[PDB]
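# What the coordinates show
Given next are the chains, with one letter for each unit.
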Amino acid sequence: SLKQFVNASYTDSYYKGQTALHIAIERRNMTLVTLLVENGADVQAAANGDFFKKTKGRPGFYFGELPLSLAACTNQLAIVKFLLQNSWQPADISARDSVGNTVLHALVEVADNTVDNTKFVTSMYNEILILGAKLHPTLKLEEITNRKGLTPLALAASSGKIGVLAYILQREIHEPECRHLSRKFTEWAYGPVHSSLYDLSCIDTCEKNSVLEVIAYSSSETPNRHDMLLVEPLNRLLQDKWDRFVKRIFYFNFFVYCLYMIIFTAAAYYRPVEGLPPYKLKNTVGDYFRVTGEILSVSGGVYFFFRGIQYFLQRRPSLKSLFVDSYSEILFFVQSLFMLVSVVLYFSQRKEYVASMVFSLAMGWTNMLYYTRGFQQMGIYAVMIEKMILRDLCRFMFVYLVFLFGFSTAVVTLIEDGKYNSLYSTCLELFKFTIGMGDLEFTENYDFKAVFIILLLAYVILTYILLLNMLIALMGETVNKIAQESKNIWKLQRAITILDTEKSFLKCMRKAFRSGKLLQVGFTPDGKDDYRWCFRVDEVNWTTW
Amino acid sequence: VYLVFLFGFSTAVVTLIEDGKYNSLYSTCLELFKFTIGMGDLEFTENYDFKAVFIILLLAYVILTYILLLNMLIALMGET
Amino acid sequence: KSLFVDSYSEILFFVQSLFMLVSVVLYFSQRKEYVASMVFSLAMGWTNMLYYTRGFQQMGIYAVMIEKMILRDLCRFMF
Amino acid sequence: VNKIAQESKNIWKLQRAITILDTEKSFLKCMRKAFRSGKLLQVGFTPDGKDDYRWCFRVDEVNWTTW
Amino acid sequence: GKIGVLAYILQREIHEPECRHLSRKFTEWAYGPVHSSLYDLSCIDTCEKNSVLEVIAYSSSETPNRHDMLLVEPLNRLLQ
Ligand SMILES: C=C(C)[C@]12C[C@@H](C)[C@@]34O[C@](Cc5ccccc5)(O[C@@H]1[C@@H]3C=C(COC(=O)Cc1ccc(O)c(OC)c1)C[C@]1(O)C(=O)C(C)=C[C@@H]41)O2
Ligand SMILES: C=C(C)[C@]12C[C@@H](C)[C@@]34O[C@](Cc5ccccc5)(O[C@@H]1[C@@H]3C=C(COC(=O)Cc1ccc(O)c(OC)c1)C[C@]1(O)C(=O)C(C)=C[C@@H]41)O2
């Protein structure tokens, strides 16, 4: 017999499932592939060994485990065609690997956004779609989800393969019986002006993996998550949503937060000065206003506390994403914690509630900067502040604190039985040099005046003259390199705001779902018409008349 | 941005201070602004409880405005 | 010349050790000036903590830039 | 600072190299695991009939052109 | 500090019979786009006296490219 011989395959766990057809495809040998398929080789054989998985800690090459995906992933179009439409055994274009990935999922996987890789991966994606429609008009490959529930578009969005996404979202196919696979259509074109229509299926809303939701709620490890929202339909859609729906709601929330902080400010400012809270309410107008302000302040704290919980549960950040991103959410949550601890101490009859309350109050005002997103100038400014705090201020503060503590310990050792003679006071006196208030003769309680003055001059040169001016130089370097990155992060922050606004929505309004339900093709594989909620974009071009 | 930070920390500090000389938004705002021109006293009052909280607030203000924001302003004017 | 134009860190650690040893000698020679040496060791010791910022990508670059600033711009400016 | 970015990267790498060398020379435990990369047979055909084992270092690379 | 010649030598590969053994870079397997090179490491990691890493790292500061030579592929990957 031949059926057992031709289909023999490796049994070891490292190369498990690899057979002769895989080898022939790998070696780019068309004749051997043809011969093996002719002799009854199984075109569905899954090479699922450890070598054929992602497995970043070991060598390997994941391609989707199937001969069709192997041919596709290696830029062999002829073999793809042959495998799909040979006489003896056509391949199952919709087959799935152990991960649930199809050929198209694999093509997304191998993409890495380089020009030469991206060009052919996009081309192979296109050709596979054409052949799928011609072989199986009733099949919808792009709607098949892997074991993680991701469609190829969702996988491209989450993995950050900007090239493939940029191809898919404006894919247009100009021929009969493949028009319906298009996502970008041209409705009319009068002079140089022409009105394109983008599909917006699974961009605006879907079951789970809307493209906007996938990009915005990325795990911060996606490579190009800042750059992907520059892909044409997405940016124009976000701007439209902002202007039509969300600009007013965001401004309203900003106004409300302003009022809340004014109330909190007034309530804290006029606190009573007797000891031992809680304080008996007096039957007078001013005290009624005061207690009203206190109640509203605590209520707002509770609101932000529960909002922070809802954010944590919805995003489930994995204990690094909880901190390396979602800066603003953590800060708002910490404000709410300080408010709540203030309440608890207030009723537990401790004056230390004041210590918590002010930390809330100060923090509350600084979180006003959260609302500088949604302004092109100020949002960029606030983003740059955040990046400064995270990079340059942290590095500087480590080095500065090493120098400060070193010279502080030296000076306090040299000082003997004086007023300062302690790490705390000496640290304050040395820090005062940084703010331009160093006495430079703050004590005489020593021997060896020369040693003391040498130490202080060394400190002053190293921190005041060297380090601070170096910090200014470094921040100057930084802003020169984070202008455009700041623009992209601002756009991303506004996108997140838009998504959260649509999710909250507070009025059960369906006007959030924009762009109108238009007829694109009117000719699906069956006789029905397709309405696909297109988004209209008008363009003008002075070439290609 | 500076006025947001200034008013936030002024309101915090003036809340923490109790029945002292300053004890007002005007005097405290002036006293915190004095840090920007390199004249911050850093011990301008003792009329409080919780010295540690007061010092933490002032050092936070100083870092955020004097060290971070002014140097950032110089960087941005350089870019502009 | 190579003893000074490079091996910056090695010189600094050696000088810390010299200050410690002079501190010991003065301490047992019944001179109070040992304190003067000890603090110079102590201060210097803490600053030599920056030696270990190599082996961290973003911090080691920062420490190297400090060294280059000290050698070029701070020296010319101080003259 | 605008001119010593890349130079700083190279000097950082060199300083880490110095650290690595000094560490392997001190080593404090008489451990031979410091000598890495495994003794592989490269060619197996020297000018004589003997095989050559040359302690190679393995580096994997991917290229999407030149198929 | 002759970075050019060094960069040539360390990844020298000769594709013909009876000169394979002179190579220092070899290709073991290449499956798809993925391929596994082997660099010799004789006289680089360790040797009698003049290991390449020791020679570069302990340069006299007057070698022109002492910073740049460790960017050559096998050396940087080995150090990492
Ligand atoms: C990064 C963390 C979460 C942080 C949380 C609190 C404690 C915070 O202290 C810091 C540590 C610190 C302390 C003092 C100076 C700088 C940094 O910085 C921030 C954090 C530091 C900030 C920096 O200012 C901002 O971040 C405002 C802001 C900017 C951009 C935003 O997108 C934003 O979203 C809400 C908020 C302000 C403080 O909350 C503040 O006003 C007080 C009293 C302390 C600051 O910890
Ligand atoms: C360059 C020489 C060897 C030097 C040796 C001593 C005396 C030193 O004074 C200097 C002269 C000086 C004095 C005051 C301010 C700047 C410079 O600078 C360094 C040297 C200057 C330094 C500068 O800070 C550093 O070098 C820390 C450091 C950074 C990077 C490194 O790779 C490093 O390797 C250990 C150390 C700190 C001092 O040792 C210090 O803390 C005291 C008390 C004096 C500084 O002489």
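Residues numbered from 1 in each chain as written, not as in the entry; some residues may be left out. Chains lettered and ligands numbered in written order. Part of a larger assembly, values for the part shown. Heavy atoms only, no water.

For this deposited structure, the header cites cryo-EM as the method used and 3.35 Å as the resolution.

## Digging into unusual backbone geometry
Basically, it comes down to this: Counting from the N terminus, the helices are DSSP H or I runs at least four residues long and the strands are E runs at least two residues long.
A cis amide bond, omega -5°, links A:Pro277 with the succeeding residue A:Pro278. Within the secondary structure, A:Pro278 sits in the loop between α11 (232-269) and α12 (285-315). Phi is positive for A:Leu200, which is not a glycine, with a value near 65°. Its location among the elements puts A:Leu200 in the loop between β2 (193-198) and α10 (211-216). We note that E:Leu41 has phi near 70°; this positive angle belongs to a residue other than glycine. Inspection of the secondary structure puts E:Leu41 in the loop between β2 (34-39) and α2 (52-57).

## Some thoughts on the site of ligand 1
We apply this condition: Nearness of a residue to a molecule or strand requires only that one of the residue's heavy atoms be within 4 Å of it. What qualifies as a polar contact is a pair of N or O atoms within 3.5 Å, subject to a donor-acceptor requirement within protein and to the restriction that residues adjacent in sequence count only when both atoms come from side chains. Residue-level accessible areas treat just the shown protein chains as cover; the underlying method is Shrake-Rupley with a 1.4 Å probe. Ten residues, namely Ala, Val, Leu, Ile, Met, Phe, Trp, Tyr, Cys and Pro, are considered nonpolar, four, namely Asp, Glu, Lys and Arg, are considered charged, and the remaining ones, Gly among them, are considered polar.
In the neighbourhood of ligand 1, 15 residues make up the surrounding shell, with A:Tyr327, A:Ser328, A:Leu331, A:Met363 and A:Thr366 lying closest. Proximal residues around ligand 1 fall on chains A and B, making this an inter-chain site. Take A:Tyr327: an N or O atom from its side chain is 3.2 Å from an oxygen atom of ligand 1. Here A:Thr366 contributes a side-chain N or O atom positioned 3.1 Å from an oxygen atom of ligand 1. Contact with the protein chains removes 79% of the 830 Å² of surface that ligand 1 exposes when unbound. Tallied by class, residues from the shell around ligand 1 come to 10 nonpolar, 3 polar and 2 charged.

## Topic: the sheet that holds β2(A)
Sheets are built from strands paired through backbone hydrogen bonds, the pairs being either parallel or antiparallel. Residue and element names in this part refer to chain A. Operational definition: Two strands qualify as a pair provided that DSSP identifies no fewer than 2 bridges between them. Convention adopted: a line fitted to C-alpha atoms gives each axis, helices being fitted over their contacting stretch, and angles between N-to-C directions are expressed from 0 to 180 degrees.
Strand order in this open sheet of 3 strands is β1-β2-β3, and the pairing throughout is antiparallel. Of all strands in the sheet, those with a lone pairing partner are β1 (184-189) and β3 (535-540), marking the two edges. When the angles between neighbouring strand axes are averaged without regard to direction, this sheet yields 30°. Note: β2 against β3, 6 bridges, orientation antiparallel.

## Observations concerning the sheet that holds β2(E)
Judged by pairing direction, the sheet is antiparallel, and its 3 strands sit side by side in the order β1(D)-β2(E)-β1(E) without closing on themselves. Strands at the two margins of the open sheet, each flanked by one partner only, are β1 (57-62) of chain D together with β1 (25-30) of chain E. Taking each pair of neighbouring strands and ignoring which way they run, the sheet shows an average axis angle of 30°. With 4 bridges joining them, β1(E) and β2(E) adopt antiparallel strand pairing. Directly across from E:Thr27, in β2(E), lies its bridge partner E:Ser37.

## Digging into the interface of chain C and chain A
Where interface size is quoted, it is often the accessible area lost as the parts come together. In plain terms, the rule: Any two residues whose heavy atoms approach within 4.5 Å at even a single point are treated as in contact. The term buried area means the drop in 1.4 Å probe accessible area that two parts suffer when joined, counted for both and summed. Salt bridge, as applied in this entry: a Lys or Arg side-chain nitrogen positioned within 4 Å of an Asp or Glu carboxyl oxygen.
Counting from both sides, the interface comprises 23 residues of chain C and, opposite them, 25 residues of chain A. Together, the buried faces of chain C and chain A total about 2,300 Å²; carbon and sulfur atoms form 88% of this surface. At the boundary of chain C and chain A, one finds 1 salt bridge. Where C:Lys32 meets A:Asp447, a salt bridge forms, and the shortest distance between an N and an O atom there is 2.5 Å. Inspection of the chain C/chain A interface yields 2 residue pairs in polar contact. Elements represented by at least two residues in the side of chain C that touches chain A include exactly α3 (34-47) and α4 (57-78) of chain C. With 10 residues, α4(C) is the single largest residue contributor to the side of chain C that touches chain A. Across the side of chain C that touches chain A, the residue classes break down as 19 nonpolar, 2 polar and 2 charged.

## Digging into the arrangement of the chains
Pairwise contact counts over the 7 pairs of chains in contact peak for chains A and B. As for chain C relative to chain B, no contact occurs, and the smallest C-alpha gap between them is 18 Å. Of all C-alpha pairs spanning chain B and chain D, none lies closer than 13 Å, and the two are not in contact.

## Here we look at the packing of aromatic side chains
The test is simple: Only centres within 6.5 Å qualify two rings of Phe, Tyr or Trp (six-membered ring in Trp) as a pair; their planes then separate them into stacked at under 30 degrees, edge-to-face at over 60, and tilted for everything else. Both a distance and an angle decide whether a charge sits over a ring: NZ of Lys or CZ of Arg must be within 6 Å of the ring centre and within 35 degrees of the ring normal.
Under the counting rule described, the total for this entry stands at 60 aromatic pairs over all chains. Members of the aromatic cluster, joined through ring pairs, are A:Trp242, A:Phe250, A:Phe254, A:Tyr257, A:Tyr260, A:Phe264, A:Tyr303, A:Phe304, A:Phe332, A:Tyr370 and A:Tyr371. Directly above the ring of D:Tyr53 sits D:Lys39, whose terminal nitrogen or CZ lies 5.3 Å from the centroid.

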